[PDB]
Amino acid sequence: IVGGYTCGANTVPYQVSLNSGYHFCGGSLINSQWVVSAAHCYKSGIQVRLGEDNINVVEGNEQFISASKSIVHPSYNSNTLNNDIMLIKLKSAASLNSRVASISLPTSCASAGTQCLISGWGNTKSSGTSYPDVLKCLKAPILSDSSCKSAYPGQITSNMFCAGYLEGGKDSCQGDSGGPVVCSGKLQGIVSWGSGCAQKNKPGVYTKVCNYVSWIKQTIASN
Ligand SMILES: [Ca+2]
């Protein structure tokens, strides 16, 4: 996260680190047994890490749980990142507590201007690399469809939205992928892609979760 702030330990309790020897993507807990993340985060042998703040330090509220199964969206296109969403089922159910809490799925889409909390352990530098050890947060609005598609002509689908600031300086970044975009108490977005981080006229692109709710709920119910 570039130009965000330290969330504070466990203030985003649905936030998950996906670990395969090291943190490589964020994810969002959606019930005790299921995490949503970006399909481009797909990797064999994920351990989901819940309750994390410092990802480098055991602070005492962690649960580490192996994935039993990943289901990438049927229509996921890795070239375009269209349908950039996947479900990861936990080998055993997370123990839900104040630090490990699921986030509601949307019952409808949010509109342009709605303020969202984006969080993650990705790069905090606009040009260079510094990765934080504690979870970073950014409040950012949903951008207009038109400003989204204007920034990335020929790349934005009805399954994607932009959030952030056209002026740049504040964005999600490498390491944040898969992570939550929460607006008004719902998971509206997943950290998907972008052109660099926090650049002018290059806001973050997010998987539009509200298009996927029936898919998630059917899939979870059948798995
Ligand atoms: Ca930790």
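Just the heavy atoms: all of them, side chains too, but no hydrogens, waters or symmetry mates, feed the values below. Whatever order the structure lists them in is the order used to number ligands and atoms, beginning at 1. Heads up: numbering here begins at 1 and tracks the sequence.
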For a side-chain hydrogen bond (donor to acceptor under 3.5 Å, both in side chains) with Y212, tell me which candidate from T219, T207, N83 qualifies.
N83
Residue pair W34, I216: steps toward the side-chain contact (heavy atoms from CB on, under 4.5 Å) verdict:
CA-CA 10 Å; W34 291 97; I216 301 169; over 6 Å; no
Spell out, yes or no, whether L117 and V181 are grouped together once hydrophobic residues are joined by side-chain heavy atoms under 4.5 Å, including indirect joins.
no
Dump the intermediate steps for side-chain contact (heavy atoms from CB on, under 4.5 Å) on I65 and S92, then the final yes or no.
CA-CA 7 Å; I65 309 177; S92 62; 3.8 Å; yes
So which heavy atom on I118 is nearest to which on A140, and how close?
CD1-CB, 4.0 Å
In chain order, what residues pass the side-chain contact (heavy atoms from CB on, under 4.5 Å) check against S146, with sequence neighbours excluded?
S144
Let's test this: below 3.0 Å, count the protein N/O/S atoms around the Ca ion (ligand 1).
4
